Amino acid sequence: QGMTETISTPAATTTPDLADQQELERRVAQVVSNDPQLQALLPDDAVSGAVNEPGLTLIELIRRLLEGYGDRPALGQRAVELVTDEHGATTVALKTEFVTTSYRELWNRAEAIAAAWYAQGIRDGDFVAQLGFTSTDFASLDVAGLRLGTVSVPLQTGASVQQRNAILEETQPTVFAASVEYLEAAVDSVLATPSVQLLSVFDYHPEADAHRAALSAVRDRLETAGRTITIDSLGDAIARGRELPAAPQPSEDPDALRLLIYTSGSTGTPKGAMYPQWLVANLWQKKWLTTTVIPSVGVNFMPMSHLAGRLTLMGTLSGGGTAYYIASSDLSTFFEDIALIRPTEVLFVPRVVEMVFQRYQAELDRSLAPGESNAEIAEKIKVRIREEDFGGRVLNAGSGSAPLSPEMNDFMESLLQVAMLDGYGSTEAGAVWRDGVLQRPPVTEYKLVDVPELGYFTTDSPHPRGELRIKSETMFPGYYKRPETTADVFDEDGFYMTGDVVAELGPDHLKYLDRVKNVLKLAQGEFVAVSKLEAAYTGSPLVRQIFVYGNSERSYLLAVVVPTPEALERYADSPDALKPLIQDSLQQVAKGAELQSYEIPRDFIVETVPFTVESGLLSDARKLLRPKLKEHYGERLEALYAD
């Protein structure tokens, strides 16, 4: 593939160049020079060379990384205090500080868990279901899996019971690991899954009455079912495992399975993308899209069931950084947390960018004043958010997993004063592009394929359009126990069919348009990329979330609009008034974005209850789950069409 390079091949497939990445290397140097924490977190090139020695097993390179960085802080989690009220009841409360686990302590805990589990009869090749958010304990379980040679199955916490149990039926795990938050759901699925011999409970504080009561109920229910099963805290497994015989070394075969990452298509049937040893190793050896070498204080806010949660976690550790956990699965502590973390690197998803923009808009509305213009006030607010909310040390930032509007790219770059990288990739393919430019490696080949029923052709003007298809060094081997499904997503020439419509701006230079299945045809022949519309309309200060909906029988669009709480409160006493103001705001967004008139929803339902991951309307990446939204709002929307 070096021999398919041309003079038109972007350097950006390799290197990011402009006069200023001397200015960023300087700006990085400045942030480091008044910050003792950051000095000690630069990557060690001796540890990197050991980790990248060719021919290493995955456990050997994991060992060289974790033992190599030693007592360096790896994982930061918010400290907790046990509060015992005057009645005797004890709760766990967060403290306003973080504490850390070192690289070698992570390794020691992993080896202890593997020893304890092996003594409990768990073996290399067993599947391990894991139900939780993302946390230090979860990271310990993940590395423990690599050490024992099991297959991690991180389950989506918002998935239906029926589908979770079917995944359990298919993987027959011998271990079910659950954070205390999700223990009741765990017991339901353990009772349905007789293969489980061990229930391992993590993120667990037994001195808190509620955690203690959750565990007693677990033991009560599993005993009533007559289940022979070991119920064991991760903390005690670690304590006891420190003194037990070492687990045997795990299988060495690079193709041995180590992780499944589930994903759903338009059918809503999850399928498990297989991650073998060699593909897991890629996550730990190569940070997605490095702008340049920086001390890495990162933020984990995405679940371990999603690739993006692994990109921040293993990306940060790969280069000797410290990865800090958001303390709430619903992100309610997000801004309190990052103000304490003060990260140097943030990998956003669009939903979280939209939350930051809303925070800014609400602060602006509260700060309006006759003696300064909105732009003047907005500038001061951005300084404050950049310095106080984000910590003032953000040096690298980016977004991926879903499209991000040009307006939000510009806003985040202005707010954070860094370039906002756009990272496109998938669970299946791995990393595919950076700011539109195909990354070679791992990508080796791409093409676009016409989608004539959506009006996309490689001969379109000004840009070729069609479905992106790719070959890549990090292409997954397939979906677990779904060979026909896997064959179905590779075309006759072996290209992976991304299901994404793109435009080719230039050789190796692409623009995301939408999912094939997201594009709607209106009655008169127009085609609409709904997720672009949703990204634009969400930017209205009145709008918190939006779901755009159409019917090919109709000439126009509808939507479901969740207003911001500030908007609802401002018109609480004038109910009639909010809907026409939202409509006018959509019209104005459309004119600013140069959208066509058919791209403007002509009516909508006002929803006061935001879509959530817990409700199944949002994916664990907080993207819309369109079949679930059409399942939920479809009758009302068609009734809005019909009358």
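From 1 onward, residues are counted along the sequence shown.
Colleague: In the PDB record, does 463-471 or 100-108 carry the higher mean Cα temperature factor?
Modeller: Per the PDB record, 100-108.
Colleague: Per the record, averaged over C-alpha atoms, which has the higher B-factor: 25-33 or 590-598?
Modeller: Result of the comparison: 25-33.
Colleague: Can you pull the Cα B-factors for 564, 332, 531, 524 from the entry and say which is highest?
Modeller: Of 564, 332, 531, 524, 524 has the highest C-alpha B-factor.
Colleague: Out of 322, 267, 300, 486, which residue has the highest Cα temperature factor in the PDB record?
Modeller: Comparing C-alpha B-factors across 322, 267, 300, 486, the top value belongs to 267.
Colleague: Compared with the other modelled residues in the chain, in which third is the CA B-factor of residue 130?
Modeller: Lowest third.
Colleague: Split into thirds by Cα B-factor across the chain's modelled residues, where does residue 424 land: lowest, middle or highest?
Modeller: It falls in the bottom third of the chain.
Colleague: Quick check on the deposited entry: does the C-alpha B-factor of residue 491 sit in the lowest, middle or highest third of its chain?
Modeller: Its C-alpha B-factor, which the entry lists for residue 491, ranks in the lowest third among residues of this chain.
Colleague: Once the chain's modelled residues are ordered by C-alpha B factor and cut into thirds, is residue 434 in the lowest, middle or highest one?
Modeller: Lowest third of the chain for residue 434's C-alpha B-factor.
Colleague: Ordered by C-alpha B-factor within the chain, which third holds residue 72? Give me lowest, middle or highest, please.
Modeller: Its C-alpha B-factor, which the entry lists for residue 72, ranks in the highest third among residues of this chain.
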